[PDB]
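Next up, model.cif (mmCIF, N, CA and C atoms):
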data_final
loop_
_atom_site.label_atom_id
_atom_site.label_comp_id
_atom_site.auth_asym_id
_atom_site.auth_seq_id
_atom_site.Cartn_x
_atom_site.Cartn_y
_atom_site.Cartn_z
N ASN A 1 -39.01 -21.75 73.03
CA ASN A 1 -39.74 -20.49 73.13
C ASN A 1 -38.78 -19.32 73.32
N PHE A 2 -37.70 -19.55 74.06
CA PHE A 2 -36.66 -18.53 74.24
C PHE A 2 -35.74 -18.38 73.03
N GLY A 3 -35.90 -19.20 71.99
CA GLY A 3 -35.04 -19.13 70.82
C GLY A 3 -35.76 -19.64 69.59
N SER A 4 -35.44 -19.02 68.46
CA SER A 4 -36.03 -19.41 67.18
C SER A 4 -35.54 -20.77 66.69
N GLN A 5 -34.39 -21.25 67.17
CA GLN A 5 -33.83 -22.50 66.67
C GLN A 5 -34.60 -23.70 67.21
N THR A 6 -34.79 -23.76 68.53
CA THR A 6 -35.36 -24.92 69.22
C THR A 6 -34.56 -26.17 68.89
N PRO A 7 -33.34 -26.32 69.41
CA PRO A 7 -32.54 -27.50 69.05
C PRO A 7 -33.14 -28.79 69.59
N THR A 8 -33.06 -29.84 68.78
CA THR A 8 -33.54 -31.16 69.19
C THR A 8 -32.54 -31.77 70.17
N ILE A 9 -33.05 -32.32 71.27
CA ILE A 9 -32.20 -32.82 72.34
C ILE A 9 -31.69 -34.20 71.94
N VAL A 10 -30.38 -34.32 71.76
CA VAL A 10 -29.75 -35.61 71.52
C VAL A 10 -29.64 -36.34 72.86
N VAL A 11 -29.78 -37.67 72.82
CA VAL A 11 -29.75 -38.45 74.06
C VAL A 11 -28.34 -38.50 74.62
N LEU A 12 -27.38 -38.95 73.81
CA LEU A 12 -25.99 -39.13 74.22
C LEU A 12 -25.18 -37.90 73.81
N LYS A 13 -23.91 -37.90 74.21
CA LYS A 13 -23.02 -36.80 73.88
C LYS A 13 -22.63 -36.85 72.40
N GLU A 14 -22.10 -35.74 71.91
CA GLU A 14 -21.59 -35.69 70.55
C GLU A 14 -20.29 -36.48 70.46
N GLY A 15 -20.15 -37.26 69.38
CA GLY A 15 -18.99 -38.09 69.15
C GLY A 15 -19.11 -39.52 69.64
N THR A 16 -20.19 -39.88 70.32
CA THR A 16 -20.37 -41.25 70.79
C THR A 16 -20.54 -42.20 69.61
N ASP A 17 -19.96 -43.39 69.74
CA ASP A 17 -19.99 -44.37 68.66
C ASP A 17 -21.42 -44.84 68.38
N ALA A 18 -21.57 -45.58 67.28
CA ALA A 18 -22.85 -46.10 66.84
C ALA A 18 -23.35 -47.20 67.78
N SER A 19 -24.48 -47.80 67.42
CA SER A 19 -25.26 -48.66 68.30
C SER A 19 -25.85 -49.79 67.45
N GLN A 20 -26.90 -50.44 67.96
CA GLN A 20 -27.45 -51.76 67.54
C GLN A 20 -27.69 -51.78 66.02
N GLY A 21 -27.66 -52.95 65.40
CA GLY A 21 -27.78 -53.06 63.96
C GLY A 21 -27.46 -54.48 63.51
N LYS A 22 -26.62 -54.58 62.48
CA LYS A 22 -26.08 -55.85 62.00
C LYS A 22 -24.59 -55.69 61.75
N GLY A 23 -23.79 -56.43 62.51
CA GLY A 23 -22.34 -56.41 62.42
C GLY A 23 -21.61 -55.83 63.62
N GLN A 24 -22.31 -55.58 64.73
CA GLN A 24 -21.64 -55.05 65.91
C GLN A 24 -20.77 -56.11 66.58
N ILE A 25 -21.38 -57.23 66.98
CA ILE A 25 -20.62 -58.33 67.57
C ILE A 25 -19.68 -58.98 66.56
N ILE A 26 -20.01 -58.92 65.26
CA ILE A 26 -19.13 -59.50 64.25
C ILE A 26 -17.85 -58.69 64.14
N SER A 27 -17.92 -57.37 64.36
CA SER A 27 -16.72 -56.55 64.34
C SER A 27 -15.80 -56.88 65.51
N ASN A 28 -16.37 -57.21 66.67
CA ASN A 28 -15.55 -57.62 67.80
C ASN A 28 -14.88 -58.96 67.54
N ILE A 29 -15.57 -59.87 66.85
CA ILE A 29 -14.96 -61.15 66.49
C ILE A 29 -13.86 -60.93 65.46
N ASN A 30 -14.12 -60.10 64.45
CA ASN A 30 -13.10 -59.80 63.45
C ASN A 30 -11.93 -59.03 64.06
N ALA A 31 -12.19 -58.23 65.09
CA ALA A 31 -11.10 -57.57 65.80
C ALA A 31 -10.24 -58.58 66.54
N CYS A 32 -10.87 -59.59 67.14
CA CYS A 32 -10.11 -60.65 67.80
C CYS A 32 -9.40 -61.54 66.79
N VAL A 33 -10.04 -61.81 65.65
CA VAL A 33 -9.39 -62.60 64.60
C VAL A 33 -8.20 -61.84 64.02
N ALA A 34 -8.27 -60.50 63.99
CA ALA A 34 -7.13 -59.71 63.52
C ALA A 34 -5.94 -59.85 64.46
N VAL A 35 -6.16 -59.70 65.76
CA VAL A 35 -5.09 -59.89 66.73
C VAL A 35 -4.64 -61.34 66.75
N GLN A 36 -5.58 -62.27 66.54
CA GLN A 36 -5.24 -63.69 66.49
C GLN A 36 -4.37 -64.04 65.29
N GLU A 37 -4.47 -63.27 64.20
CA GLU A 37 -3.64 -63.54 63.02
C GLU A 37 -2.18 -63.23 63.28
N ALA A 38 -1.89 -62.21 64.10
CA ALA A 38 -0.50 -61.86 64.39
C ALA A 38 0.18 -62.94 65.22
N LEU A 39 -0.51 -63.49 66.21
CA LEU A 39 0.00 -64.58 67.03
C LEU A 39 -0.18 -65.95 66.38
N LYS A 40 -0.70 -66.03 65.16
CA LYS A 40 -0.94 -67.33 64.53
C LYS A 40 0.35 -68.07 64.17
N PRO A 41 1.30 -67.51 63.41
CA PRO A 41 2.46 -68.31 63.01
C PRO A 41 3.49 -68.56 64.10
N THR A 42 3.31 -68.02 65.31
CA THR A 42 4.27 -68.18 66.39
C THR A 42 4.09 -69.47 67.19
N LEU A 43 3.27 -70.41 66.71
CA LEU A 43 2.96 -71.63 67.45
C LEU A 43 3.98 -72.71 67.13
N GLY A 44 4.41 -73.43 68.17
CA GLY A 44 5.24 -74.60 68.00
C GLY A 44 6.71 -74.28 67.84
N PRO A 45 7.55 -75.31 67.76
CA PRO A 45 8.99 -75.08 67.61
C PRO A 45 9.40 -74.59 66.24
N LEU A 46 8.65 -74.95 65.19
CA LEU A 46 8.94 -74.54 63.82
C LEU A 46 8.20 -73.26 63.43
N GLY A 47 7.89 -72.40 64.40
CA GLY A 47 7.20 -71.15 64.14
C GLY A 47 8.16 -70.03 63.80
N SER A 48 7.77 -68.83 64.21
CA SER A 48 8.55 -67.61 64.01
C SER A 48 8.37 -66.68 65.20
N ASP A 49 9.03 -65.52 65.13
CA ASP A 49 9.00 -64.48 66.15
C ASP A 49 8.47 -63.19 65.53
N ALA B 1 28.82 -62.46 60.20
CA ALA B 1 27.38 -62.58 60.37
C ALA B 1 26.65 -62.23 59.08
N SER B 2 27.15 -61.24 58.34
CA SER B 2 26.58 -60.93 57.04
C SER B 2 26.85 -62.04 56.03
N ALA B 3 27.99 -62.73 56.16
CA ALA B 3 28.29 -63.84 55.26
C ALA B 3 27.32 -65.00 55.47
N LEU B 4 26.99 -65.30 56.73
CA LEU B 4 25.95 -66.28 57.00
C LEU B 4 24.59 -65.80 56.49
N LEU B 5 24.33 -64.50 56.59
CA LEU B 5 23.05 -63.96 56.13
C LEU B 5 22.98 -63.94 54.60
N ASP B 6 24.09 -63.62 53.94
CA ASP B 6 24.10 -63.60 52.48
C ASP B 6 23.91 -65.00 51.89
N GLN B 7 24.57 -66.01 52.47
CA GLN B 7 24.37 -67.38 52.03
C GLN B 7 23.00 -67.92 52.41
N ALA B 8 22.40 -67.41 53.48
CA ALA B 8 21.05 -67.82 53.85
C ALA B 8 20.00 -67.29 52.88
N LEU B 9 20.29 -66.21 52.16
CA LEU B 9 19.34 -65.67 51.19
C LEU B 9 19.09 -66.66 50.06
N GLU B 10 20.15 -67.33 49.59
CA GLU B 10 19.99 -68.32 48.53
C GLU B 10 19.21 -69.53 49.01
N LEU B 11 19.37 -69.91 50.28
CA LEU B 11 18.68 -71.08 50.81
C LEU B 11 17.21 -70.79 51.12
N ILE B 12 16.87 -69.53 51.41
CA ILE B 12 15.47 -69.16 51.58
C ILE B 12 14.74 -69.24 50.25
N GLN B 13 15.43 -68.94 49.15
CA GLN B 13 14.84 -69.08 47.82
C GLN B 13 14.50 -70.52 47.49
N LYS B 14 15.26 -71.48 48.02
CA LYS B 14 15.00 -72.90 47.80
C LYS B 14 13.82 -73.42 48.63
N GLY B 15 13.42 -72.70 49.68
CA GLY B 15 12.28 -73.10 50.49
C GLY B 15 12.62 -73.92 51.71
N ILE B 16 13.82 -73.75 52.27
CA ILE B 16 14.20 -74.42 53.51
C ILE B 16 13.65 -73.59 54.67
N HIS B 17 13.13 -74.28 55.68
CA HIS B 17 12.58 -73.57 56.83
C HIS B 17 13.73 -72.91 57.61
N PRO B 18 13.51 -71.73 58.22
CA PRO B 18 14.64 -71.06 58.89
C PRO B 18 15.18 -71.80 60.10
N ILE B 19 14.38 -72.64 60.76
CA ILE B 19 14.87 -73.36 61.93
C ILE B 19 15.87 -74.44 61.52
N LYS B 20 15.62 -75.10 60.39
CA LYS B 20 16.58 -76.06 59.87
C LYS B 20 17.86 -75.37 59.42
N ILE B 21 17.75 -74.13 58.93
CA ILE B 21 18.93 -73.34 58.61
C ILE B 21 19.69 -73.00 59.88
N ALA B 22 18.97 -72.57 60.92
CA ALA B 22 19.63 -72.19 62.17
C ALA B 22 20.23 -73.40 62.88
N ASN B 23 19.54 -74.54 62.85
CA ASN B 23 20.09 -75.74 63.48
C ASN B 23 21.32 -76.25 62.73
N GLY B 24 21.39 -76.01 61.42
CA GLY B 24 22.56 -76.44 60.67
C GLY B 24 23.82 -75.69 61.06
N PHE B 25 23.71 -74.37 61.26
CA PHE B 25 24.87 -73.59 61.66
C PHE B 25 25.27 -73.90 63.10
N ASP B 26 24.30 -74.24 63.95
CA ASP B 26 24.63 -74.60 65.33
C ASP B 26 25.42 -75.90 65.40
N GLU B 27 25.04 -76.90 64.60
CA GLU B 27 25.80 -78.14 64.55
C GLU B 27 27.14 -77.94 63.85
N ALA B 28 27.16 -77.10 62.82
CA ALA B 28 28.41 -76.84 62.10
C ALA B 28 29.36 -75.99 62.93
N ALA B 29 28.84 -75.06 63.73
CA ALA B 29 29.70 -74.22 64.55
C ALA B 29 30.39 -75.02 65.65
N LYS B 30 29.64 -75.90 66.32
CA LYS B 30 30.24 -76.74 67.35
C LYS B 30 31.18 -77.77 66.76
N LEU B 31 30.88 -78.27 65.55
CA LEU B 31 31.78 -79.21 64.90
C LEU B 31 33.09 -78.54 64.51
N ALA B 32 33.03 -77.30 64.05
CA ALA B 32 34.24 -76.57 63.70
C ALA B 32 35.05 -76.22 64.94
N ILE B 33 34.37 -75.89 66.04
CA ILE B 33 35.07 -75.59 67.28
C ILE B 33 35.72 -76.85 67.84
N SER B 34 35.03 -77.99 67.72
CA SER B 34 35.58 -79.25 68.19
C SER B 34 36.80 -79.69 67.39
N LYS B 35 36.85 -79.36 66.10
CA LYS B 35 38.02 -79.69 65.28
C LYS B 35 39.18 -78.74 65.57
N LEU B 36 38.90 -77.44 65.65
CA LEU B 36 39.95 -76.46 65.87
C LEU B 36 40.55 -76.56 67.27
N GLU B 37 39.80 -77.08 68.24
CA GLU B 37 40.35 -77.30 69.57
C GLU B 37 41.37 -78.43 69.59
N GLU B 38 41.25 -79.39 68.66
CA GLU B 38 42.18 -80.51 68.61
C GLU B 38 43.47 -80.13 67.89
N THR B 39 43.37 -79.35 66.81
CA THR B 39 44.52 -79.07 65.97
C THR B 39 45.47 -78.04 66.56
N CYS B 40 44.99 -77.13 67.40
CA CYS B 40 45.85 -76.10 67.97
C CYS B 40 46.75 -76.70 69.05
N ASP B 41 47.96 -76.16 69.14
CA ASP B 41 48.99 -76.63 70.06
C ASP B 41 49.04 -75.75 71.30
N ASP B 42 49.58 -76.33 72.37
CA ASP B 42 49.75 -75.65 73.65
C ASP B 42 51.14 -75.03 73.73
N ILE B 43 51.23 -73.89 74.41
CA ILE B 43 52.48 -73.14 74.59
C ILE B 43 52.95 -73.12 76.04
N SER B 44 52.21 -73.73 76.97
CA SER B 44 52.60 -73.70 78.38
C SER B 44 53.86 -74.51 78.67
N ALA B 45 54.21 -75.48 77.82
CA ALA B 45 55.42 -76.27 78.04
C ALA B 45 56.69 -75.44 77.90
N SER B 46 56.67 -74.38 77.10
CA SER B 46 57.85 -73.55 76.92
C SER B 46 58.11 -72.71 78.17
N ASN B 47 59.33 -72.19 78.26
CA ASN B 47 59.75 -71.40 79.41
C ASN B 47 59.22 -69.97 79.27
N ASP B 48 59.59 -69.10 80.21
CA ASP B 48 59.11 -67.73 80.19
C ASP B 48 59.78 -66.91 79.09
N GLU B 49 61.00 -67.27 78.68
CA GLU B 49 61.69 -66.51 77.65
C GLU B 49 60.99 -66.62 76.30
N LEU B 50 60.51 -67.82 75.95
CA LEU B 50 59.76 -68.01 74.72
C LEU B 50 58.31 -67.57 74.84
N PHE B 51 57.74 -67.61 76.05
CA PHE B 51 56.37 -67.15 76.24
C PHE B 51 56.25 -65.65 76.02
N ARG B 52 57.31 -64.89 76.31
CA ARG B 52 57.32 -63.47 75.97
C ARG B 52 57.27 -63.26 74.47
N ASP B 53 57.89 -64.15 73.69
CA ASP B 53 57.89 -64.00 72.24
C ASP B 53 56.50 -64.23 71.66
N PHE B 54 55.71 -65.12 72.28
CA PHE B 54 54.36 -65.37 71.80
C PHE B 54 53.47 -64.14 71.98
N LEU B 55 53.71 -63.36 73.04
CA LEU B 55 53.00 -62.10 73.19
C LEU B 55 53.44 -61.09 72.13
N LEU B 56 54.72 -61.10 71.78
CA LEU B 56 55.20 -60.24 70.70
C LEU B 56 54.62 -60.65 69.36
N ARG B 57 54.34 -61.94 69.17
CA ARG B 57 53.67 -62.38 67.94
C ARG B 57 52.26 -61.81 67.86
N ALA B 58 51.52 -61.84 68.97
CA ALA B 58 50.16 -61.32 68.99
C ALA B 58 50.13 -59.80 69.12
N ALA B 59 51.13 -59.21 69.78
CA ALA B 59 51.17 -57.76 69.92
C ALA B 59 51.35 -57.07 68.58
N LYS B 60 52.29 -57.55 67.76
CA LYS B 60 52.45 -57.02 66.41
C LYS B 60 51.24 -57.29 65.53
N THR B 61 50.47 -58.35 65.82
CA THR B 61 49.28 -58.64 65.04
C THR B 61 48.17 -57.64 65.35
N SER B 62 48.02 -57.27 66.62
CA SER B 62 46.94 -56.38 67.03
C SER B 62 47.23 -54.91 66.72
N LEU B 63 48.49 -54.49 66.78
CA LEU B 63 48.84 -53.10 66.50
C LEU B 63 48.72 -52.74 65.03
#

Would you put the structure from the file into structure tokens?
Amino acid sequence: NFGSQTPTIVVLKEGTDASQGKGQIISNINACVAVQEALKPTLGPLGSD
Amino acid sequence: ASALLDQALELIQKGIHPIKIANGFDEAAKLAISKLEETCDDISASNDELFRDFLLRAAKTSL
């Protein structure tokens, strides 16, 4: 009423990441599999550094 | 060290694992040290007059 715009009230702050859907927990698993790939060939005596 | 690395490049092309390459130089390095320790002669039996000359042999080599 005090303004012609009447902005819609967002729940969270601007810039907050996305939310529920399909692939949220899968991204966390793929993030762990990504870090797990770096430590993968370092296993055993015949590994690498 | 570059000579060991340059010769290791050809062996990586053949598909040898690097640990077998590294273990080979470790056994070869100790074997070469064990041979060179036997063949070299001792100079402590000589007197001080000749021991000074051995320093002159190495002094002219380093300068």

Using only N, CA and C atoms, find the residues of chain B whose closest atom to chain A is at most 8 Å away, then write them as a CSV table (one decimal) with N, CA and C atoms, in the frame of the given file.
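Result saved to result-v8.csv:
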chain,number,residue,atom,x,y,z
B,17,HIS,N,13.1,-74.3,55.7
B,17,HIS,CA,12.6,-73.6,56.8
B,17,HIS,C,13.7,-72.9,57.6
B,18,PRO,N,13.5,-71.7,58.2
B,18,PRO,CA,14.6,-71.1,58.9
B,18,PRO,C,15.2,-71.8,60.1
B,19,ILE,N,14.4,-72.6,60.8
B,19,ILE,CA,14.9,-73.4,61.9
B,19,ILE,C,15.9,-74.4,61.5
B,20,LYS,N,15.6,-75.1,60.4
B,20,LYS,CA,16.6,-76.1,59.9
B,20,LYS,C,17.9,-75.4,59.4

* To do: Going by DSSP on the backbone, which bits of chain A are alpha helix (DSSP H)? Write them as a list in words, please.
  => residues 24, 25, 26, 27, 28, 29, 30, 31, 32, 33, 34, 35, 36, 37 and 38 of chain A

* May I ask for the distance between atom N of residue B:10 and atom CA of residue B:28, given in Å to one decimal place? =>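 These two atoms are separated by 17.8 Å.
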
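For the pair atom CA of residue A:41 and atom CA of residue A:29, the interatomic distance is 19.2 Å.
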
Between atom C of residue B:41 and atom N of residue B:55 - distance in Å to one decimal
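Going from atom N of residue B:55 over to atom C of residue B:41, I get 13.4 Å.
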